[PDB]
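Okay, so here's the structure we're looking at.
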Amino acid sequence: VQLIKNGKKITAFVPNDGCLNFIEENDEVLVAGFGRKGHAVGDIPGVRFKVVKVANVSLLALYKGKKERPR
Amino acid sequence: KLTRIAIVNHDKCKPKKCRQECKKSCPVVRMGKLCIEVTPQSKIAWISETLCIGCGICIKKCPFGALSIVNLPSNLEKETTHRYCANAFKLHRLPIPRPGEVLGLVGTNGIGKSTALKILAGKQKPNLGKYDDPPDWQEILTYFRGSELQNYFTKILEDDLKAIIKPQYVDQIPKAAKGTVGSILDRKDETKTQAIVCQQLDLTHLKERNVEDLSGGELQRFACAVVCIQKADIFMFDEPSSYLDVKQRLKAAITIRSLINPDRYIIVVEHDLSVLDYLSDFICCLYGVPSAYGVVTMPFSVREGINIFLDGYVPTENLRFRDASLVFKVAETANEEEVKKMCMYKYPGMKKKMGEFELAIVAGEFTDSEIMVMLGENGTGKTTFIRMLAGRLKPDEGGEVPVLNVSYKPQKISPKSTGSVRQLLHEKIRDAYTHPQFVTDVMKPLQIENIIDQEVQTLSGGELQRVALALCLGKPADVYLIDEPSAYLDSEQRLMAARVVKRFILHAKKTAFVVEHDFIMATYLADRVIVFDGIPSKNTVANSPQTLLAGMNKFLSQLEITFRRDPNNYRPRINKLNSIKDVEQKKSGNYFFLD
Amino acid sequence: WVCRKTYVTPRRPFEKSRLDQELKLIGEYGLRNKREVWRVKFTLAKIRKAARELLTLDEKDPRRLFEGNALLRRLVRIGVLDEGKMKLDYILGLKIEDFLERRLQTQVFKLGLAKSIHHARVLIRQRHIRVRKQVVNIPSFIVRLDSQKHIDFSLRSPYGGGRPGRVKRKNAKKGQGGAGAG
Amino acid sequence: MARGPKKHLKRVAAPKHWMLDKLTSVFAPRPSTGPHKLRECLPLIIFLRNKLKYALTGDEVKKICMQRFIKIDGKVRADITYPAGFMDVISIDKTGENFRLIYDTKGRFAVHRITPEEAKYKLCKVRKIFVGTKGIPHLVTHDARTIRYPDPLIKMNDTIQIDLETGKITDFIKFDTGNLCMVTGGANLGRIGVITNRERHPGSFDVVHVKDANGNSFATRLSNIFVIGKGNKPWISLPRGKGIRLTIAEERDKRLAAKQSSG
Amino acid sequence: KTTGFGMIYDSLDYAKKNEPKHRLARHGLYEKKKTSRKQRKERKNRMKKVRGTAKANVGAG
Amino acid sequence: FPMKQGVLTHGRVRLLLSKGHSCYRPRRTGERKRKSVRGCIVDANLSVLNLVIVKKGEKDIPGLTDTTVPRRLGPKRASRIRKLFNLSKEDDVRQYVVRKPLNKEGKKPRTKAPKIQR
RNA sequence: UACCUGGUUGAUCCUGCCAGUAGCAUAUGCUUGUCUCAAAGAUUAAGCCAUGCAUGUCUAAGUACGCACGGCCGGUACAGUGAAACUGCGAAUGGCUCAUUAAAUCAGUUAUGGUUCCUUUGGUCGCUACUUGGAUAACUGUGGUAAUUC
RNA sequence: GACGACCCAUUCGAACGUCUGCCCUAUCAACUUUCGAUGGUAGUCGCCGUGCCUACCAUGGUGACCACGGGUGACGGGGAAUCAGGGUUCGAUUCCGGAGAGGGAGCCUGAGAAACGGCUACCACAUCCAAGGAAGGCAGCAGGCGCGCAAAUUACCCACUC
RNA sequence: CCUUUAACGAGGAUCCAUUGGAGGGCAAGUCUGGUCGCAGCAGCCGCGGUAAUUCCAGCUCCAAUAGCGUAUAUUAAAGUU
Ligand SMILES: Nc1nc2c(ncn2[C@@H]2O[C@H](COP(=O)(O)OP(=O)(O)NP(=O)(O)O)[C@@H](O)[C@H]2O)c(=O)[nH]1
Ligand SMILES: Nc1nc2c(ncn2[C@@H]2O[C@H](COP(=O)(O)OP(=O)(O)NP(=O)(O)O)[C@@H](O)[C@H]2O)c(=O)[nH]1
Ligand code: SF4
Ligand code: SF4
Ligand SMILES: [Mg+2]
């Protein structure tokens with residue numbers, strides 16, 4: 001991902017199974033840290049950030065099926 | 001929610017001293033698709049419209065502040081004051097009916113202006129999304145709580161503000177109602193103000209005359225008169241200035257201007273040139289897509305709003321696309337092949353009469369493969385003459401029969417043909433000069449497909465005028481009779497269509513008698529001009545046909561009114577009745593500058 | 001304006017020993033949540049802190065006298081402490097359960113007309129009791145000592161004099177429109 | 001903010017001896033300029049609806065004062081605010097009432113009703129002696145009266161009885177040890193007791209010991225002392241309380257003894 | 001129980017003079033007009049921009 | 001652009017103006033604006049001029065000097081009445097005031113007078 | 001409540017950090033019956049702004065010949081009511097923002113015997129005259145400018 | 001009774017001045033001076049005291065007890081969160097003091113302003129125009145655009161409080 | 001709005017409580033089906049290579065509750081300033 005307000009690049013994890021498909025290339029996303037506040041978490045190296053919302057819609061409601069893609 | 005896009009040209013936007021960071025740090029131009037196209041070169045940076053996701057990253061780290069960020073118009077289920085149902089028009093905002101000034105309401109055709117007036121009037125109440133299981137004088141007041149329209153709508157309820165509107169159309173009425181001469185308007189109401197209205201309406205003629213003998217002028221006059229004399233609180237004028245003389249239009253705007261000042265609310269529409277300067281004091285512009293969605297922008301000052309509406313796209317404050325030169329024809333072009341051969345006809349100086357009219361024609365040259373323009377004042381005898389030449393009544397002595405079949409353009413258009421427009425298009429033919437033609441009037445930007453289907457009963461003014469424009473180059477005929485095509489069209493739609501009509505009838509070899517009241521409509525469409533001179537309900541002389549310039553000078557010498565050329569954009573601007581320069585032009589007799 | 005919390009959370013999140021005490025205490029008195037427990041224990045531990053000051057102050061300091069005298073009066077006025085005690089050492093012998101005896105729902109059950117404690121809370125909320133002349137709806141009244149001899153049912157209720165409920169008068173109208181005309 | 005003088009005083013900026021609440025709005029009355037200082041004033045309207053409760057809104061006081069039932073220091077005043085302070089007399093002649101502004105032992109302006117005969121004069125401290133033009137003297141007082149030709153032995157920190165009718169003082173007290181004094185400012189306020197001793201320091205902020213008839217000794221600055229009459233013999237009437245300055249424990253004992261909160 | 005606050009005047013004219021207007025109009029003998037709010041301010045600013053004659057704006061808008 | 005005195009050659013000049021000068025209206029006390037004005041010296045660049053008749057000729061111009069309109073108002077002050085009708089110091093002015101008719105009112109005509117001062 | 005627990009080894013005891021735990025305040029996800037109290041474009045851009053409004057003011061008592069209303073007839077200070085206009089006073093108070101600012105700001109403490117002070121309150125008020133001088137507005141009437149509280 | 005005026009006192013203040021109290025940094029250790037730095041003498045100016053300014057004359061003043069310089073997502077205080085004892089962290093923000101109204105400078109009026117709901121000019125912006133000219137400053141209440149992870153009604157009203 | 005009062009207004013199927021978790025730290029499954037080092041979970045230690053108490057689901061159970069989860073600043077824990 002590239003950022004809006006810096007233009008620099010960050011590599012961000014995507015959570016649960018099949019949530020990759022609900023992210024489509026060249027759209028906006030919202031990122032957030034893992035919960036270790038600077039350091040790479042778990043067995044995955046080089047990643048320090050994860051993803052929470054695709055476009056005013058949560059990964060949860062996309063995954064669970066109580067909402068649908070707005071497009 | 002909305003649209004976002006980048007824009008690029010600026011004072012020393014210098015792709016030859018910035019290394020081009022816009023190309024280097026754009027996310028789109030990295031994933032393969034070239035959104036931003038640039039090199040070390042002598043021109044400007046090029047940036048696409050369609051491929052820009054929005055972002056604004058290029059803007060924040062371009063080394064010169066050359067690239068700005070626009071936001072293009074789109075619907076996002078926002079506000080939504082009403083809809084009819086689905087796959088149908090919707091409107092978002094109906095805004096402040098500021099009192100003590102007149103509110104001028106200025107957008108393209110089929111955009112919901114009339115619909116906003118219907119809602120403001122309390123007659124077609126707003127539905128606001130849905131479907132509309134809430135009304136009733138509660139839920140909508142709760143929805144537009146915290147604002148103003150609570151105080152307005154509660155005052156309406158209670159009919160403290162009494163509603164009146166001037167209707168969009170003439171036709172259904174002189175057909176739906178009827179009118180007793182004299183007695184009618186009389187036991188309308190009441191005194192001094194009707195005398196001021198009818199006298200400042202500059203008529204003095206139709207005091208003793210039955211309605212059925214009158215035309216556009218008389219109609220409009222009486223209408224406005226009664227409307228004003230109508231003792232009420234609110235007041236709405238839709239489209240008050242259609243098919244009326246240029247002199248008479250100015251005196252309509254000032255009789256509307258009488259009602260304004262002492263805690264009264266007033267809404268006007270219009271599709272203007274530069275007369276809106278005297279119509280309104282607040283100008284409120286509407287944007288969107290014709291017959292799909294309309295959005296009302298917050299109101300502006302008349303001077304500031306006028307240009308920003310015709311400028312080509314003023315936002316700040318939002319933003320859009322399109323809009324530009326249209327107050328003329330700036331269609332720089334001319335010349336042909338060898339024009340061979342032609343003729344010299346010539347129609348004779350007939351004398352014609354009805355009852356309260358002495359109408360006279362002078363002999364003139366009606367050239368082959370060539371336009372003829374009629375004016376001249378309302379009541380100056382133009383339309384009924386053409387019918388009398390073709391076949392209806394006349395002549396007592398002499399006449400010339402049309403050599404070519406004949407195409408009839410009408411002005412009194414309110415036709416009744418039940419079924420569909422597509423059925424009527426079969427009484428013409430859609431195979432002939434099959435390569436575009438109707439498609440070259442309109443197809444790609446404002447849509448037609450848009451002109452078929454649907455009913456003619458529910459069709460709006462400019463589209464209904466376009467039905468009539470098609471009915472003329474659509475039976476096989478080559479000599480064309482057209483009265484008032486400028487009726488219910490704006491500037492954007494009229495000028496291009498008029499240029500297309502001239503191109504058709506001149507290029508494949510024809511002749512057309514055009515009866516325009518529009519500087520831009522008349523000019524770019526003119527040649528001979530023929531000039532009609534004389535006083536309404538007395539005497540009509542068609543002046544022996546002379547020069548565009550000389551004939552236009554005869555019309556404006558008697559009227560006492562003139563124009564100015566907008567110097568950057570070549571656009572007409574009317575003068576304020578009596579000014580300073582309004583004296584150099586009177587002396588130089590010259591009412592047009594820059595051929 | 002001015003706001004503050006009336007309870008605190010436990011430092012440990014879980015602890016087998018703690019949870020059983022909080023559970024079984026809630027069972028006896030019919031309390032809704034632990035927030036109704038920790039509320040009590042905040043007030044108590046506050047009073048246990050104030051007392052813990054005055055014992056370390058000099059004997060016959062004027063601050064120590066005036067505070068203690070008027071404090072112990074308040075503890076006696078609600079009846080969590082006796083006047084056969086009447087000194088600051090017995091503040092530290094005071095504990096959580098003695099408060100809960102003076103709760104309204106506890107006193108309804110213990111000294112009045114109720115079934116199980118779960119019943120008695122419902123009677124307080126459905127407006128069938130009063131305290132001297134005044135309806136209440138709060139089971140956390142904590143009841144002053146003097147007002148224990150004025151706990152009575154309400155004077156407009158189907159329990160004692162006053163209009164019946166809509167279950168009875170419904171069935172009365174079943175004798176007239178349910179089997180009398182329907 | 002400031003570029004010139006201010007014209008507002010809020011609720012919470014205002015002093016605490018007017019006993020203001022906090023659930024009426026942001027502003028408080030603010031006394032307009034006059035002879036007394038705003039940390040020693042009782043504004044007029046605070047006497048009429050936050051003490052005696054004749055009026056209920058400020059608009060009512062505007063309708064009252066115009067009728068000219070109000071006097072202050074035997075003259076007629078006719079405004080919402082006036083800065084009356086310690087030792088002035090209010091006089092409503094319609095009700096036949098007369099008040100005096102004096103300090104409780106709490107240290108706040110009480111209701112001290114008095115005979116109309118007492119309300120024909122007030123007690124005024126001398127603060128400055130100033131020789132005017134052509135060999136004429138002057139006095140200066142805390143109520144800002146300039147009384148010419150005083151007796152030539154009256155000096156500052158004395159007090160003088162002034163007849164409101166004619167000015168021109170009739171009599172006086174001389175500042176001496178063992179005379180009876182009242183306090184007008186500082187931490188000790190409203191206490192009554194005899195002078196007992198004085199203490200001088202060349203420089204400023206000389207202090208003045210005091211002792212009462214309850215066997216307590218305390219001291220205060222010189223410029224917060226006001227004389228009321230000779231030893232154990234005030235030349236004014238005194239309210240209840242009488243400068244005893246009870247502890248909080250004893251005040252508790254009185255209330256539960258009489259059992260007094262009902263009549 | 002319910003608790004309120006009551007006045008009793010000696011004569012009518014002492015009430016009619018003193019009395020805040022809305023309490024007199026509470027059981028009618030007075031009204032208000034005047035007329036809503038706003039129509040005042042927009043007139044005021046228009047009156048401001050004339051001099052000598054403002055009688056049009058006071059009646060006339 | 002208006003013409004004022006003391007503004008030699010006829011260019012268009014922006015002068016500081018304040019109270020007690022031509023072509024200024026204060027909207028606040030002490031206020032000073034810098035408006036444009038135009039010189040004294042006459043040219044054909046002017047819209048209109050104001051000529052005051054000073055000396056009257058032999059002839060009478062038909063539209064102006066033949067027409068006769070009386071001035072409206074007498075004095076309001078004491079001493080102007082004394083100077084006008086040439087009264088002595090002792091005569092006690094009380095009936096030497098101009099009486100200004102109210103022509104109609106649908107009731108009756110009034111005759112108004114002003115109020116004497118000093 | 002002045003409290004700790006998991007993780008380096010085959011196992012043990014240390015050193016040491018990481019993780020677990022509780023509070024607070026901002027954002028955000030999901031959910032939501034009833035009752036009271038109420039913070040809210042500061043964080044970033046002290047970025048830029050359409051429209052509307054936010055400061056005016058007359059008593060018995062400065063100045064009333066508005067051809068206004070009214071009058072009981074007037075003007076002889078002369079009416080009652082009174083738009084407008086001159087005059088006096090206020091507009092330096094409030095509201096808002098936190099950019100600047102490290103002995104500066106600011107707080108406590110002190111000083112005018114180094115000074116100024118509308119206003120209020122109290123004192124100060126004797127080395128043609130039965131009332132002096134001449135212009136400006138409103139008002140009346142004629143105008144200029146595309147346009148202005150010109 | 002009403003108004004006005006001269007001076008003194010008073011009230012509300014205003015303005016300078018005393019003593020003590022301050023976050024990070026030495027990969028900032030010497031700093032300040034005829035472009036007055038410190039002091040003396042006289043004068044000008046100012047509401048007054050004063051190198052505030054000018055003439056003449058002297059050569060001082062400050063620092064390892066941290067000056068000088070740089071940094072601060074630093075307005076200050078009354079306070080807030082956590083807390084056994086000792087502390088740590090925060091304080092744009094309802095009270096008080098201060099500074100500023102796009103960026104700079106100058107000035108009128110008044111008792112009080114170097115005022116921006118006053119004015120003049122330059123600079124950066126932006127508006128109308130018949131191209132001759134004219135008009136503007138929402139860090140006031142609402143409202144819009146932009147910016148961002150991030151924040152409300154172009155509502156009702158002077159009855160309360162002032 | 002609140003309080004006060006007419007008249008309607010509860011048989012559990014609806015006048016419907018959710019948010020996280022159940023290998024250890026840490027309160028609660030060596031239950032059933034699917035997947036087979038794949039997909040995923042996992043602050044940490046570690047789970048998945050065909051018999052998974054940790055994954056995807058079902059059932060049951062646990063915690064707090066009109067609230068609960070997640071990210072970040074910061075204090076306590078830290079006698080690791
Ligand atoms: N189906 C349907 N469409 C309607 C109806 N009324 C209006 N419309 C459509 O709504 C759109 C706008 O209508 P209107 O407000 O009249 O347009 P306008 O802006 O006034 N048009 P114009 O500028 O030409 O004067 C058009 O596409 C029109 O066909 C109706 O009753 N039914
Ligand atoms: N007296 C009379 N007038 C009639 C009769 N029929 C029509 N007229 C009027 O006579 C006039 C003839 O001019 P016309 O060609 O209609 O004018 P126009 O082309 O419509 N001009 P405009 O559109 O500007 O109004 C019109 O005003 C028409 O209404 C009749 O029988 N008697
Ligand atoms: S826009 Fe900014 S960046 Fe893109 S070219 Fe012009 S200057 Fe270089
Ligand atoms: S705007 Fe968003 S998309 Fe269009 S150019 Fe700049 S960055 Fe690329
Ligand atoms: Mg239409």
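Naming scheme: A, B, ... for chains in displayed order of the structure tokens; residues 1 onward per chain; ligands 1 onward as shown.
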Determine, counting only C-alpha atoms (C1' of nucleotides), which protein, DNA and RNA residues have an atom within 7 Å of an atom of residue 119 in chain D; residues of the same chain fewer than 4 positions away are not included. Present the result as a VMD selection string. chain D and resid 89 98 115
For N, CA and C atoms, I'd like the residues from the last selection saved as a CSV table (one decimal), in the first residue's frame.
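For reference, part00.csv as written:
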```csv
chain,number,residue,atom,x,y,z
D,89,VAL,N,-26.4,53.1,56.3
D,89,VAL,CA,-27.7,52.9,56.7
D,89,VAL,C,-28.6,52.9,55.5
D,98,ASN,N,-35.4,50.1,59.0
D,98,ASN,CA,-34.0,50.7,58.9
D,98,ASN,C,-33.1,49.5,59.2
D,115,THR,N,-33.6,51.0,65.3
D,115,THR,CA,-34.5,52.0,65.5
D,115,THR,C,-34.3,53.1,64.5
```
Report as a PyMOL selection string which protein, DNA and RNA residues come within 10 Å of ligand 4, using only C-alpha atoms (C1' of nucleotides) and all ligand atoms. (chain A and resi 4+7+26) or (chain B and resi 4-8+22-23+25-30+34-37+46-62+67-70)
Counting only C-alpha atoms (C1' of nucleotides) and all ligand atoms, which protein, DNA or RNA residues come within 8 Å of ligand 3, given as a ChimeraX atom specification? /B:8-10,12-23,38,44-45,58-59,61-67
Pull out every residue of chain A that has at least one atom within 12 Å of chain G, counting only C-alpha atoms (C1' of nucleotides), and report them as a list in words. residues 5, 30, 31, 32, 35, 36, 39, 41, 52, 53, 56, 57, 58, 59, 60, 61, 64 and 66 of chain A
DSSP-assigned strand (DSSP E) members of chain F, reported as a ChimeraX atom specification: /F:12-17,33-38,100-101,111-112
To test your reading of the structure, identify every residue in range 89-179 of chain C that backbone DSSP assigns to helix (DSSP H, G or I), and report it as a tab-separated table (two decimals) with N, CA, C and O atoms, in the first residue's frame.
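Saved to result.tsv:
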```tsv
chain	number	residue	atom	x	y	z
C	89	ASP	N	-12.16	2.40	66.70
C	89	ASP	CA	-11.62	1.07	66.51
C	89	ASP	C	-12.61	0.10	65.91
C	89	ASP	O	-12.22	-0.82	65.19
C	90	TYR	N	-13.92	0.28	66.21
C	90	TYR	CA	-14.98	-0.57	65.70
C	90	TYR	C	-15.36	-0.28	64.27
C	90	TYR	O	-16.09	-1.07	63.67
C	91	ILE	N	-14.84	0.81	63.67
C	91	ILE	CA	-14.98	1.11	62.26
C	91	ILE	C	-14.26	0.06	61.45
C	91	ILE	O	-14.74	-0.37	60.40
C	96	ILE	N	-18.59	-5.72	55.00
C	96	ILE	CA	-19.35	-5.43	53.80
C	96	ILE	C	-20.80	-5.76	54.02
C	96	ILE	O	-21.67	-5.02	53.58
C	97	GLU	N	-21.08	-6.86	54.75
C	97	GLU	CA	-22.37	-7.51	54.77
C	97	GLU	C	-23.38	-6.72	55.57
C	97	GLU	O	-24.57	-6.78	55.28
C	98	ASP	N	-22.90	-5.91	56.54
C	98	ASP	CA	-23.72	-5.21	57.50
C	98	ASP	C	-24.50	-4.10	56.84
C	98	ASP	O	-25.66	-3.87	57.18
C	99	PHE	N	-23.87	-3.40	55.86
C	99	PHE	CA	-24.50	-2.47	54.94
C	99	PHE	C	-25.69	-3.05	54.25
C	99	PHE	O	-26.77	-2.48	54.30
C	100	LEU	N	-25.50	-4.24	53.63
C	100	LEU	CA	-26.47	-4.88	52.76
C	100	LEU	C	-27.74	-5.25	53.50
C	100	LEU	O	-28.79	-5.36	52.88
C	104	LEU	N	-33.07	-1.68	51.11
C	104	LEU	CA	-34.51	-1.69	51.11
C	104	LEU	C	-35.07	-3.07	50.86
C	104	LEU	O	-35.87	-3.55	51.65
C	105	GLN	N	-34.65	-3.74	49.75
C	105	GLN	CA	-35.09	-5.07	49.39
C	105	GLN	C	-34.81	-6.12	50.43
C	105	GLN	O	-35.57	-7.08	50.56
C	106	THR	N	-33.72	-5.96	51.21
C	106	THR	CA	-33.36	-6.83	52.31
C	106	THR	C	-34.29	-6.68	53.48
C	106	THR	O	-34.53	-7.65	54.19
C	107	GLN	N	-34.87	-5.47	53.69
C	107	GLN	CA	-35.65	-5.14	54.86
C	107	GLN	C	-37.09	-5.45	54.61
C	107	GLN	O	-37.80	-5.83	55.54
C	108	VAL	N	-37.56	-5.31	53.34
C	108	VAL	CA	-38.82	-5.85	52.86
C	108	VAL	C	-38.93	-7.33	53.19
C	108	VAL	O	-39.87	-7.74	53.86
C	109	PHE	N	-37.95	-8.15	52.74
C	109	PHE	CA	-37.94	-9.58	52.95
C	109	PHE	C	-37.85	-9.96	54.41
C	109	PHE	O	-38.59	-10.82	54.88
C	110	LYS	N	-36.90	-9.33	55.15
C	110	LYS	CA	-36.55	-9.72	56.50
C	110	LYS	C	-37.58	-9.39	57.54
C	110	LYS	O	-37.67	-10.08	58.56
C	111	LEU	N	-38.38	-8.31	57.32
C	111	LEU	CA	-39.19	-7.74	58.37
C	111	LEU	C	-40.52	-7.33	57.81
C	111	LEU	O	-41.20	-6.49	58.39
C	117	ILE	N	-36.45	-13.31	48.23
C	117	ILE	CA	-35.83	-12.03	47.92
C	117	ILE	C	-35.99	-11.55	46.49
C	117	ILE	O	-36.08	-10.34	46.26
C	118	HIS	N	-36.01	-12.47	45.49
C	118	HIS	CA	-36.25	-12.18	44.09
C	118	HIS	C	-37.60	-11.57	43.79
C	118	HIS	O	-37.72	-10.77	42.87
C	119	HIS	N	-38.62	-11.94	44.59
C	119	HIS	CA	-39.95	-11.36	44.58
C	119	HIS	C	-39.90	-9.94	45.06
C	119	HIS	O	-40.45	-9.05	44.42
C	120	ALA	N	-39.21	-9.69	46.20
C	120	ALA	CA	-39.29	-8.45	46.93
C	120	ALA	C	-38.79	-7.27	46.15
C	120	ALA	O	-39.36	-6.19	46.25
C	121	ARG	N	-37.75	-7.46	45.30
C	121	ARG	CA	-37.20	-6.44	44.43
C	121	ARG	C	-38.19	-5.93	43.40
C	121	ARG	O	-38.17	-4.76	43.04
C	122	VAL	N	-39.05	-6.84	42.90
C	122	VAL	CA	-40.06	-6.57	41.91
C	122	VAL	C	-41.17	-5.72	42.49
C	122	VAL	O	-41.67	-4.83	41.81
C	123	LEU	N	-41.59	-5.99	43.75
C	123	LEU	CA	-42.55	-5.19	44.47
C	123	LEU	C	-42.13	-3.75	44.66
C	123	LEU	O	-42.97	-2.85	44.62
C	124	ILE	N	-40.81	-3.49	44.85
C	124	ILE	CA	-40.27	-2.15	45.04
C	124	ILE	C	-40.36	-1.36	43.76
C	124	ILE	O	-40.55	-0.15	43.79
C	125	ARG	N	-40.25	-2.04	42.60
C	125	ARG	CA	-40.09	-1.40	41.33
C	125	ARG	C	-41.44	-1.14	40.74
C	125	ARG	O	-41.67	-0.12	40.09
C	145	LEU	N	-32.25	4.39	60.39
C	145	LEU	CA	-32.69	3.54	61.47
C	145	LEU	C	-34.11	3.88	61.88
C	145	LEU	O	-34.96	3.00	61.94
C	146	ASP	N	-34.41	5.20	62.05
C	146	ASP	CA	-35.71	5.73	62.38
C	146	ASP	C	-36.85	5.37	61.44
C	146	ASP	O	-38.01	5.37	61.85
C	147	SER	N	-36.54	5.08	60.15
C	147	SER	CA	-37.51	4.87	59.10
C	147	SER	C	-37.87	3.42	58.92
C	147	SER	O	-38.58	3.08	57.98
C	148	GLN	N	-37.37	2.52	59.80
C	148	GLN	CA	-37.66	1.11	59.73
C	148	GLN	C	-39.01	0.77	60.31
C	148	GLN	O	-39.55	-0.30	60.04
C	149	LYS	N	-39.59	1.70	61.10
C	149	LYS	CA	-40.87	1.52	61.75
C	149	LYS	C	-41.91	2.31	61.01
C	149	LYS	O	-42.95	2.67	61.57
C	168	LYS	N	-57.14	-8.68	36.85
C	168	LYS	CA	-58.38	-8.94	37.54
C	168	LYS	C	-59.51	-8.31	36.78
C	168	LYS	O	-60.40	-9.01	36.32
C	169	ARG	N	-59.47	-6.97	36.57
C	169	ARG	CA	-60.53	-6.24	35.93
C	169	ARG	C	-60.74	-6.61	34.48
C	169	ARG	O	-61.84	-6.43	33.97
C	170	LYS	N	-59.69	-7.10	33.77
C	170	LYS	CA	-59.82	-7.82	32.52
C	170	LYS	C	-60.75	-9.00	32.62
C	170	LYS	O	-61.73	-9.07	31.88
C	171	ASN	N	-60.47	-9.96	33.54
C	171	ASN	CA	-61.26	-11.15	33.77
C	171	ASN	C	-62.66	-10.85	34.26
C	171	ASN	O	-63.57	-11.64	34.04
C	172	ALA	N	-62.86	-9.71	34.98
C	172	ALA	CA	-64.18	-9.21	35.32
C	172	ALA	C	-65.00	-8.81	34.10
C	172	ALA	O	-66.21	-9.01	34.08
C	174	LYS	N	-64.42	-10.23	31.21
C	174	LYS	CA	-64.65	-11.48	30.52
C	174	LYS	C	-65.96	-12.07	30.95
C	174	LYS	O	-66.50	-12.94	30.28
C	175	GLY	N	-66.46	-11.69	32.15
C	175	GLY	CA	-67.80	-11.99	32.58
C	175	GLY	C	-68.87	-11.14	31.95
C	175	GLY	O	-70.04	-11.33	32.27
C	176	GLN	N	-68.50	-10.14	31.10
C	176	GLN	CA	-69.47	-9.24	30.52
C	176	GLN	C	-69.29	-9.09	29.04
C	176	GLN	O	-70.24	-8.67	28.36
C	177	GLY	N	-68.08	-9.34	28.49
C	177	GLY	CA	-67.83	-9.26	27.07
C	177	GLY	C	-67.08	-10.44	26.55
C	177	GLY	O	-66.75	-10.48	25.36
```
Give me the residues near residue 119 in chain G as a VMD selection string, where near means some atom within 10 Å (using only C-alpha atoms (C1' of nucleotides)) and where sequence neighbours in that chain fewer than 5 positions away do not count. (chain D and resid 32 to 34) or (chain H and resid 11 to 12 111)
Would you tabulate, counting only C-alpha atoms and all ligand atoms, all residues of chain B that have an atom at most 6 Å from an atom of ligand 1, showing the closest pair of atoms and their distance in Å to one decimal, sorted by chain then ascending number, as a Markdown table?
```
| residue | atom | partner | partner_atom_place_in_ligand_line | distance |
| --- | --- | --- | --- | --- |
| B:89 | CA | ligand 1 | 10 (O) | 5.3 |
| B:108 | CA | ligand 1 | 23 (O) | 5.4 |
| B:109 | CA | ligand 1 | 23 (O) | 2.5 |
| B:110 | CA | ligand 1 | 17 (O) | 2.9 |
| B:111 | CA | ligand 1 | 19 (O) | 3.7 |
| B:112 | CA | ligand 1 | 15 (O) | 3.5 |
| B:113 | CA | ligand 1 | 19 (O) | 5.2 |
| B:114 | CA | ligand 1 | 15 (O) | 4.5 |
| B:115 | CA | ligand 1 | 15 (O) | 4.8 |
| B:291 | CA | ligand 1 | 27 (O) | 3.3 |
| B:459 | CA | ligand 1 | 29 (O) | 5.6 |
| B:460 | CA | ligand 1 | 24 (O) | 5.5 |
| B:461 | CA | ligand 1 | 24 (O) | 5.0 |
| B:462 | CA | ligand 1 | 24 (O) | 4.8 |
```
Please check which protein, DNA or RNA residues sit within 8 Å of ligand 2, counting only C-alpha atoms (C1' of nucleotides) and all ligand atoms, and write them as a ChimeraX atom specification. /B:209,212-218,243-245,354-357,375-385,483-484,515,517,536-537
